[PDB]
Protein chains: 2
Amino acid sequence: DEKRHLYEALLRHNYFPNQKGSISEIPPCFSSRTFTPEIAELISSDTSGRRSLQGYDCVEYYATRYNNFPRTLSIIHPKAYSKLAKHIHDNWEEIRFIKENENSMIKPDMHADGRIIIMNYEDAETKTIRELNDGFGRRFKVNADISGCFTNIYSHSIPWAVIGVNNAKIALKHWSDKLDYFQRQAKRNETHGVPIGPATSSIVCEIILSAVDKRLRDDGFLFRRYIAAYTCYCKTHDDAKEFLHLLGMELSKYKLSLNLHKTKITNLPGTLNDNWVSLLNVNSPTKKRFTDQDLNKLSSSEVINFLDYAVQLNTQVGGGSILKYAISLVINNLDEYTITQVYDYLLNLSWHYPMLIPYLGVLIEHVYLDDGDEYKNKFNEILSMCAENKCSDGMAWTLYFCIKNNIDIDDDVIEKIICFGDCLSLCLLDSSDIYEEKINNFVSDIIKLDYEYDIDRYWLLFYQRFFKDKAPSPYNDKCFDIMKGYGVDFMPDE
Amino acid sequence: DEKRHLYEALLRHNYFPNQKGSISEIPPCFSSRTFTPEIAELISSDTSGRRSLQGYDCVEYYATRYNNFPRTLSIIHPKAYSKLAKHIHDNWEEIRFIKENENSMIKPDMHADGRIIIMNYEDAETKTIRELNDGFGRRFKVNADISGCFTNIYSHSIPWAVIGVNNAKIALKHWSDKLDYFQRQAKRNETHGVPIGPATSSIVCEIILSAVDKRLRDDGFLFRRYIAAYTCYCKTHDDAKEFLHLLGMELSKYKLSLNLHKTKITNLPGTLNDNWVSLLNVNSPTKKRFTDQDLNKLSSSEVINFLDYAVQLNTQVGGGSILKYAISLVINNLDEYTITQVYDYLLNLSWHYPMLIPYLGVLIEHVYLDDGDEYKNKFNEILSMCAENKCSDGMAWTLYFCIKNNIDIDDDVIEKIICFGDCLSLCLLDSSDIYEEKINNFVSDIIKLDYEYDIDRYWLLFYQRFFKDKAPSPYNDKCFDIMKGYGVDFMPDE
């Protein structure tokens, strides 16, 4: 069924931040499968325990963007998440109108892997044909962005999108009001904001933005939405300015607004992709597939020169993720002579740009890591940099490389891994079991605070220790106990 | 009367190219007054003589623009001009609808000096108030130019403007058809083009362009015309593109077209003047009048530094006549210590930019020209440059300075003054009377050709020699004889 596929997707696949489909933002050690929908029903049914704080906090995760900026992905506390996912499942026949929207490019969809939200998933041919087809006969292309979107979505506006603003205000139960309550329970009983990364917040965002899409559609606008980005194709500048006005009205009705540093009108014909994308692909040494693998295999100077050219292009343009695109272009066709050189270049690029650390997972088997302890000092210097810059995805990926490849990790860099206080980093140090006593000091400092929001901020670490019998639950409810009795592990093996 | 003022203006004032109101393009030695309307009636009444060539040619005059480009002003042959001016006078009650047009900024008007066409004549306050008033509430400013205008105005389209295209085509007498014939007789019986500089061609251009102004007006466009330049103020880009379309249609109906290298749409608020104008005026040392003349008098370093800054600004922008504007800013407030320095700077600027030569007429009394023959070699080196670059206005102004200030002129530069073959230069050499024999060789080479168009190209030189009794008329008609008997002199004294 599609209800069952959504129920699997909300918990087994898209609970953790898993929207990016090329490389994940979270290392593959953390997996949210075995958190089955029946365990979510049992958690929702459980009513024990008393909480002194309204709502639940989230395990935080600062992922690095192309400009090294942090984006705070969140792992919802699972007692607050099981109710939210179960509510979205039970109400799916009244929610699936977001699937029938045609202006939302990334939306819930029955993906084969098990997910429902995968950004940048559709193939290049259809994307090109759509871009030309919608750019047919038009003069201007308007790009608009919602300012926060994740930051300031109003949860009380979830019924406003569903049955209208004034009908919902008069009505103040309906399914969308309980959805608003359950979404609020996900993040500290707070009206504004949604945790970034779970598909439940993507569904909540799609529900609110589908009314905006409906009103923009009914006024005859050619437009597409990519999460919070609206692209409009306009025969004249009348359409260009009036779409911006109507989008501003429709967002302001649901308390949202437009990012005016991201608004720009560009005369068609522009570029189907961004300009740096075609600059890289035109100069890519892999741009032609030769149908024989020896020809497809690249040389040392070819890959290195393309990587230098990508570095200059990112310094000179910087409009997008130039390094990640360029590295994905050359990463899978490396010859054995290249692997050490491109590996060290990736070490250089991963230090300077910590979002490039996941690509280091491709080469680690082919590179002989023992060497003369060069890579040993490299990964620790990266770990120190990720501790310094407060970057969670680079820290977690580097620690996944350190435990998976058994490379030792220094004490002084751990002094800042423990002091940074990223939860997912501390779960990796927790799964190592060598640093049991520095982990114990941190969790004891959390418990001695007697602040439930900090325990909810480190619920993944606390649950991993409780499931590994190294600690008891810090909660008086049965949620951790129902998780552990059924075998829920958020750091599972194969 | 206004008919009589127009009749004076066509011959006494605006026969010669005299449209510019700050400094003339022709030196003040050449004056078209004493060519009274009664002499024009007597020339028109005369029917003697036979001509083997259809129409008449014009005395040519390549004036230098801000980018050193030549513009070929023309002095119409007066037998072909008297008929044209008399025809425009007799038909003035059917022509004066061009005066009632409100979108034509430069048009026939009763000016006090005696002219009817003076470009850049209205005061700055009204121009500013108009520019703001028409820029009220609008988003875009469209600038469009007719491509040739003077070059390719179709004379057969003069009745097309007057009574409509199809009515005039069916009609193929009416006054506009004889106007078309008389305008053709001005330039070699040629359908396309108008001689630049006489007000009769300005009237002919206004007659054709007033129909374009009428159709653009009736479609509700806010627009102004400066000779061949249309500026439109647009609430949106719909108005911006549709005005360009409608102007293209209305010009193509009368066989004209749009200069598409001069078309540009600029988002308001732009600049009331051009950007270099405010850059000069903000940095002008004369920008504040102090109501006492000693304060208004400028120092040496002040004027010189402003002139250097103007030179850099013209090198760096070049969008308009930066040097002429800057020099007009400082020229009239010079202190006696400045005059030699600014004079030599003007010598430097006049050599490099020959349109700046007329400003040398302001300083020549205050500068002691005898010196050590420095200015003697300067004006001859300028004369050689004007001969080399084929610039008529610089040649004529420099020769006016040479004869008026009695400074001697070398033989070898005269070897190229005679070889350039500018008519107005040869009339200055003709009025000097020292070089009677090199003038005689040139006019004998013209007469031996037996080409009436070359005689019409040098009609001013031929008439000046005939009126000075140094030569006979080269024409079998009585036009020169009626001119000389009534005392018509085109190089008159006071």
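Below, chain A is the first sequence line, B the second, and so on; all start at residue 1. Both backbone and side-chain heavy atoms feed into the values below; hydrogens, waters and symmetry mates do not.
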Pairing of [X] and [Y] as salt bridge, 4.0 angstrom limit:
{"X": "B/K107", "Y": "B/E100", "answer": "no"}
{"X": "B/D134", "Y": "B/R224", "answer": "yes"}
{"X": "B/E125", "Y": "B/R130", "answer": "no"}
{"X": "B/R115", "Y": "B/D109", "answer": "no"}
{"X": "B/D219", "Y": "B/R215", "answer": "yes"}
{"X": "B/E8", "Y": "B/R4", "answer": "yes"}
{"X": "B/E102", "Y": "B/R217", "answer": "yes"}

Scan side-chain atoms only and decide if [X] and [Y] contain a donor-acceptor pair under the 3.5 Å cut-off.
{"X": "B/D393", "Y": "B/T64", "answer": "yes"}
{"X": "B/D422", "Y": "B/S392", "answer": "yes"}
{"X": "B/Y345", "Y": "B/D308", "answer": "yes"}
{"X": "B/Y325", "Y": "B/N273", "answer": "no"}
{"X": "B/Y66", "Y": "B/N314", "answer": "no"}
{"X": "B/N283", "Y": "B/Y309", "answer": "yes"}

Review point. Among B/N14, B/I88, B/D1, whose side chain to side chain contact (heavy atoms under 4.5 Å, CB included) with B/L6 holds?
Key: B/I88
Check your understanding: What residue pairs, at least two apart or across chains, pass salt bridge (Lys or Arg N to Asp or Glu O under 4.0 Å) with a residue in residues 231-247 of chain B?
Key -> none
Point to revise | Candidate pair B/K187 and B/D57, rule salt bridge (charged side-chain N to carboxylate O under 4.0 Å, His left out), full reasoning | key: CA-CA 5 Å; B/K187 190 166 73 23; B/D57 223 335; over 6 Å; no
Using ring centroids (six-membered ring only for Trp), state whether [Y] and [X] fall under 6.0 Å.
{"X": "B/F35", "Y": "B/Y15", "answer": "yes"}
{"X": "A/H237", "Y": "B/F140", "answer": "yes"}
{"X": "B/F30", "Y": "B/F490", "answer": "no"}
{"X": "B/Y458", "Y": "B/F442", "answer": "yes"}

Which distance, rounded to the nearest 0.5 Å, do you find between the [atom1] of [X] and the [atom2] of [Y]?
{"X": "B/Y121", "Y": "B/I106", "atom1": "OH", "atom2": "CD1", "value": "12.5 Å"}
{"X": "B/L307", "Y": "B/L349", "atom1": "CG", "atom2": "CG", "value": "6.0 Å"}
{"X": "B/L346", "Y": "B/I339", "atom1": "CG", "atom2": "CD1", "value": "11.5 Å"}
{"X": "B/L383", "Y": "B/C402", "atom1": "CG", "atom2": "SG", "value": "5.0 Å"}

Just wondering, do [Y] and [X] contact through their side chains at under 4.5 Å, heavy atoms?
{"X": "B/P108", "Y": "B/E206", "value": "yes"}
{"X": "B/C58", "Y": "B/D456", "value": "no"}
{"X": "B/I357", "Y": "B/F401", "value": "yes"}

Review point. Would you say the side-chain atoms of B/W459 pair up with the backbone N or O of B/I75, donor to acceptor, closer than 3.5 Å?
Key: yes
Review point. Around B/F97, counting heavy atoms of other residues, nucleotides and ligands shown, do more than 12 lie under 6.0 Å from its CZ?
Key: yes
Exercise for review: Check the surroundings of atom NZ in B/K438: do more than 12 heavy atoms from other residues, nucleotides or ligands lie under 6.0 Å from it?
Suggested key: yes
**Study point:** Test salt bridge (charged side-chain N to carboxylate O under 4.0 Å, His left out) applied to B/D410 and B/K378, B/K376, B/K416, the passing residue
**Key:** B/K376
Exercise for review: Would you sort out whether B/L329 and B/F306 count as a side-chain contact (heavy atoms from CB on, under 4.5 Å), showing the intermediate values?
Suggested key: CA-CA 10 Å; B/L329 281 163; B/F306 178 51; 3.9 Å; yes
Considering only distance and modelled atom types, tabulate donor-acceptor pairs under 3.5 Å from the side chains of residues 292-301 of chain B, sequence neighbours left out.
from: B/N296; atom 1: OD1; to: B/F290; atom 2: N; distance (Å): 2.8
from: B/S301; atom 1: OG; to: B/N305; atom 2: OD1; distance (Å): 2.9

Practice item. Any chance you could lay out the salt bridge (charged side-chain N to carboxylate O under 4.0 Å, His left out) test for B/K141 and B/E131, step after step, and finish with the verdict? Key: CA-CA 11 Å; B/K141 185 204 219 131; B/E131 183 38 299; 2.8 Å; yes
